[PDB]
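Colleague: To start, I am sharing the structure in question, which I have written as structure tokens.
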Amino acid sequence: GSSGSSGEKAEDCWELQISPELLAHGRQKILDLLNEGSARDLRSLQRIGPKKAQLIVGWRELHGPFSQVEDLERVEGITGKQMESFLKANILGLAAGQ
């Protein structure tokens, strides 16, 4: 978690700080939602909009279910980054908002 301690040194990686069980626990939650949840529902997620949602849905509709959140990267418009920054918001947010 980011605090107000002298440093503010950017973190190239976050998953490295988050526990190993938190990563799986979080990602999963996001995945299931991306499968059962619909565009609108997705919009609720942090770092998500009406565009991306339609992009993640309009894909599965044909391709089908996603074997893993990472799949997002493949989705047009959404790259490994955009999807990476998002996963964090929720993931890290799950604990933050305890």
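Ordered as shown in the structure tokens, chains take letters A, B, and onward, while each chain numbers its residues from 1 and ligands are numbered from 1 in the order shown.
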As a ChimeraX atom specification, please: every residue in region 39-97 of chain A that a backbone DSSP assignment puts in alpha helix (DSSP H).
Modeller: /A:39-44,50-63,80-96
Colleague: Taking only residues of region 66-89 of chain A that have an atom at most 12 Å from an atom of region 35-45 of chain A, what is each one's shortest atom pair and its distance in Å to one decimal, using only C-alpha atoms, in chain and number order, as a tab-separated table?
Modeller:
```
residue	atom	partner	partner_atom	distance
A:66	CA	A:35	CA	7.2
A:67	CA	A:35	CA	9.8
A:68	CA	A:35	CA	10.2
A:69	CA	A:35	CA	9.9
A:71	CA	A:35	CA	11.8
A:72	CA	A:35	CA	11.7
A:83	CA	A:45	CA	11.9
A:86	CA	A:45	CA	8.6
A:87	CA	A:45	CA	9.6
A:88	CA	A:45	CA	11.2
A:89	CA	A:45	CA	8.8
```
Colleague: Which residue out of A:65, A:4, A:74, A:49 has the minimum interatomic distance to residue 32 (chain A) when only C-alpha atoms are used?
Modeller: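 Selected residue with least distance to residue 32 (chain A): A:65.
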Colleague: For residue 95 (chain A), work out the shell of residues within 10 Å, counting only C-alpha atoms and skipping chain neighbours fewer than 5 positions away, then give it as a list in words.
Modeller: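 Listed by chain and then number, they are residues 1, 22, 26 and 90 of chain A.
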Colleague: Given the selection you just returned, output its residues as a file containing C-alpha atoms, formatted as a PDB file, in the first residue's frame.
Modeller:
```pdb
ATOM      1  CA  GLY A   1       0.000   0.000   0.000  1.00  0.00           C
ATOM      2  CA  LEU A  22      -4.405 -12.441  -2.603  1.00  0.00           C
ATOM      3  CA  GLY A  26      -8.577 -11.330  -6.411  1.00  0.00           C
ATOM      4  CA  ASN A  90      -9.841  -4.069  -7.380  1.00  0.00           C
TER       5      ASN A  90
END
```
Colleague: Between A:62, A:55, A:96, A:31, which residue has the minimum interatomic distance to residue 79 (chain A), considering only C-alpha atoms?
Modeller: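 Looking at the shortest contact to residue 79 (chain A), the residue is A:55.
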Colleague: Given the choices A:21, A:33, A:12, A:47, which gets closest to residue 93 (chain A) if the distance is worked out from only C-alpha atoms?
Modeller: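 Closest candidate: A:47.
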Colleague: Between A:34, A:48, A:78, A:13, which is the closest to residue 64 (chain A) once you count only C-alpha atoms?
Modeller: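 For residue 64 (chain A), the nearest of the given residues is A:34.
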Colleague: Identify, on the basis of only C-alpha atoms, every residue whose closest approach to residue 76 (chain A) does not exceed 12 Å; exclude the query and any residue fewer than 5 positions from it along the same chain; express the result as a VMD selection string.
Modeller: chain A and resid 51 to 60 71 82 to 83
Colleague: Of the candidates A:8, A:15, A:70, A:61, which one gets nearest to residue 28 (chain A) if we count only C-alpha atoms?
Modeller: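 Selected residue with least distance to residue 28 (chain A): A:70.
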Colleague: Just checking: using only C-alpha atoms, which residue out of A:3, A:63, A:80, A:91 ends up closest to residue 30 (chain A)?
Modeller: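 Smallest distance to residue 30 (chain A) is found for A:91.
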